[PDB]
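Given next, in structure tokens, is a single chain: the form deposited in one PDB entry.
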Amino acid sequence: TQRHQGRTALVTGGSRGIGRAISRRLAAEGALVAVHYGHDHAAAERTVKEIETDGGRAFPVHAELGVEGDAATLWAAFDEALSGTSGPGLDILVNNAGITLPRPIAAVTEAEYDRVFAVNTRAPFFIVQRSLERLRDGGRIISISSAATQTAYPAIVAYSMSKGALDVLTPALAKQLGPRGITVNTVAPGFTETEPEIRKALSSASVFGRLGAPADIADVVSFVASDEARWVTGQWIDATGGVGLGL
């Protein structure tokens, strides 16, 4: 396609699963992709080489999220990488970094709560805040949310709340950034097989009666990030295979 020819993308948690497919799709369409990772160096290097093997350009960016100085670290390491190279600006920010918390309310601890909010809400918020100094006109902010923000799923309530908070950011920034031709969208995956009775309920929650694949999400994100989605902003884009549709 070559829809992102000449552009610079950053994908938080870009090293694997959904993060990885996004990084790959964007890099395959000409984007220079900053592949962010917090823990998994080898997976980052894996994703980058994969991209380079296929004839795109990407580079690793190390920042542990949900720790004091996470956002600063991320953007410090992004600049360090581009310096003496493409300028300090970017076109496409994808907030994909996240940790799960599969506990209903009765079992969620302060430690687990604080951890999920630190990584899933606080990190992306300050990453985005510091993004706005660098984000060019016609740019893209894309937050990866969950079906569970808009469909009641008690067993992951604290996780869903973390994504809910980030969903409020999308319309706020689409309004603020609109005059510069920047779109801000949420893409909400459903239940995705990445790398007993649960697997069954989640497959059949789709009207297509399967789990999503990383490629399912990455295909929607690649569109939202293109000039073709320039008239689409402030939206919650359902990438769940029709989760929550009926009953």
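When you see a residue number, it is the position in the sequence shown, counting from 1.
The next section is about a form of this same protein that is not shown, the form solved in complex with a small molecule.
- With the partner left out here, the small molecule still marks one of 86-94, 115-123, 172-180, 134-142 in the deposited bound form; by a 4.5 Å heavy atom cut-off that stretch is 115-123.
- With the partner omitted from this view, the residue of 220, 205, 63, 28 that lies near the small molecule in the deposited bound form is 63 [heavy atom within 4.5 Å].
- In the deposited bound form, the small molecule lies within 4.5 Å of some heavy atom of residue 18.
- Within 4.5 Å of some heavy atom of the small molecule in the deposited bound form lies at least one heavy atom of residue 99.
- Put simply, residue 190 is close to the small molecule in the deposited bound form: some heavy atom of it is within 4.5 Å.
- For residue 56, no non-hydrogen atom is located within 4.5 Å of the small molecule in the deposited bound form, even though that partner is not displayed.
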